[PDB]
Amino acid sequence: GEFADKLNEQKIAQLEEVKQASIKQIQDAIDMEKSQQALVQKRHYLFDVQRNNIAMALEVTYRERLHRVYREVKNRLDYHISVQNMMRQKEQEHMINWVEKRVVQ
């Protein structure tokens, strides 16, 4: 009678480890595949971030250069005006003093 029970419980136990292995292995075929899919697309992005960064940094630089030329020229131009303006004021200032000193005479 027991002949069966031990054997049977043995036989089940087996297919119980069999189903188990089987899940565990196919879960692993699964992981492997995710690992791959990732290394695929995935990895390039790192270098893409890097290349993008460069591209931008040159653009900013180009633009900044342009802005610098502007600022500096305009700056040279504005100097002449500021000067001119200062001269006038000083000349003017002087004239009023010349006037009062003379009219209050």
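For every residue, the number given is its place in the sequence shown, counted from 1.
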Quiz prompt | Mean C-alpha B-factor comparison - 65-73 and 30-38, higher one | solution = 65-73
Quiz item: Can you tell me which third, lowest, middle or highest, the CA B-factor of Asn85 falls into for its chain?
Solution: highest
Quiz item: If you rank the chain by CA B-factor, which third does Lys19 end up in: lowest, middle or highest?
Solution: highest
Quiz item: If you rank the chain by CA B-factor, which third does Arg102 end up in: lowest, middle or highest?
Solution: highest
Quiz item: Considering only modelled residues of the same chain, in which third does the CA B-factor of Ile54 rank: lowest, middle or highest?
Solution: middle
